[PDB]
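**Student:** Following the deposited numbering, the residues of the sequence shown are numbered contiguously, the last one being 294. Here a beta-carbon is modelled for each residue, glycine too, at the ideal position from N, C-alpha and C. Just dropping this structure here.
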Amino acid sequence: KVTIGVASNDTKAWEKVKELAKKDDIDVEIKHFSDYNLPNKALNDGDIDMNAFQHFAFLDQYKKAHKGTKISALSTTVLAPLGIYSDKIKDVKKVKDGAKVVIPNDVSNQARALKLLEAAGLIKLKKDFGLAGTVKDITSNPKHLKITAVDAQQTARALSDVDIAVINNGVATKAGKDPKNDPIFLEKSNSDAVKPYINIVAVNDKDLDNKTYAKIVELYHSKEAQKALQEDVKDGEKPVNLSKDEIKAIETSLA
């Protein structure tokens, strides 16, 4: 009676939720999607009841691009740090001049990726670079990096043809990579700066008070499902369980 859309393979927690939900006469069905552009339309069209694959910034930008979509965060799931990867150089400080760089092309992850390149000391962005910054906002490119933006799901595959790639945690693990230990540089994830990237369970605004959905997110956050999640992702992601007001605060802040 409840279909959850996901876009990554880290689903042990949801599998446990499905297992536990039976006891409450709730039949959970996990539906996987091939990229980030399908789950929100599926949710908006009623194909699924909720999805869990995106962060606050991505949803915010999606809503800005689709004024007819009334979807909001019901619960938070995890913080999944972004990382810089390379099959050629393992010291981010020794990236060769002229290196080819690949980053996600959607508004929020592209800006996020550029900020990470900046944090690694590879480029400089305008002082007021926002959550929607772009390549045009780079102020200095000392290493003459050749930056190319591709769909988020293709940054990992590109590794063989480029020097470095900024890959989303779920895409990296989808490629069988360790999002904690494989990156040559990890995104800072212990301050307010990373709040826009906390992942969420999203639902149609009309269902924000649904008691069955409430139960589902409750189970997700229960000790049992959380133990499953930790054994599944290890230290690759950090569980987050914000209160309703904290969730809205971020949503309001981004809009």
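(1) Taking buried to mean at least 16 other C-beta atoms within 10 Å of its own C-beta, is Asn79 buried or exposed?
(2) Report the partner residues of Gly44 according to the DSSP bridge assignment.
(3) Which of helix, strand or coil does DSSP assign to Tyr75?
(4) Is the segment 242-259 in contact with the segment 109-126, if contact means three or more CB pairs nearer than 8 angstroms?
(5) Identify every residue that forms a DSSP beta bridge with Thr187.
(6) Taking 8 angstroms as the threshold (C-beta atoms), are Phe92 and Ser147 in contact?
(7) Can you grab the Cα-Cα spacing for the pair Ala197 / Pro120, in whole Å?
(8) Mapping DSSP to helix, strand and coil, what is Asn220?
(9) Contact criterion: CB-CB distance below 8 angstroms. Does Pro181 meet it with respect to chain C?
(10) Enumerated in chain order, which unbroken segments of the alpha helix (DSSP H) with a length of 4 residues or greater are wholly contained in the segment 93-137?
(11) Below 8 angstroms between beta carbons: does that hold for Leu155 and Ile177?
(12) Roughly how many angstroms separate the alpha carbons of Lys51 and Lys109, rounded to a whole number?
(13) Would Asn229 be called buried (16 or more neighbouring beta carbons within 10 Å of its own) or exposed?
(14) Do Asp202 and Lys135 come within 8 angstroms of each other at the CB atom, strictly closer than that value?
(15) Tell me the DSSP bridge mates of residue 369?
(16) With DSSP as the reference, identify every bridge partner of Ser179, one or two as the case may be.
(17) Please state whether the Cβ-Cβ distance between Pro143 and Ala191 is less than 8 angstroms.
(18) Does DSSP put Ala171 in a helix, a strand or coil?
**Tutor:** From the atom records:
(1) buried
(2) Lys70, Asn90
(3) coil
(4) yes
(5) Beta-bridge partners of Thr187 (DSSP): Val141.
(6) no
(7) 20 angstroms
(8) coil
(9) Considering every chain present, this structure includes no chain C. It has just one protein chain.
(10) 95-104
(11) no
(12) 29 angstroms
(13) Flag for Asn229 reads exposed.
(14) For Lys135 and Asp202, yes; Cβs fall inside 8 angstroms.
(15) Nothing in the structure corresponds to residue 369, since the chain is present only between 40 and 294.
(16) BP columns for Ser179 point to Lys163.
(17) yes
(18) DSSP places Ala171 in coil when its eight states are reduced to three.
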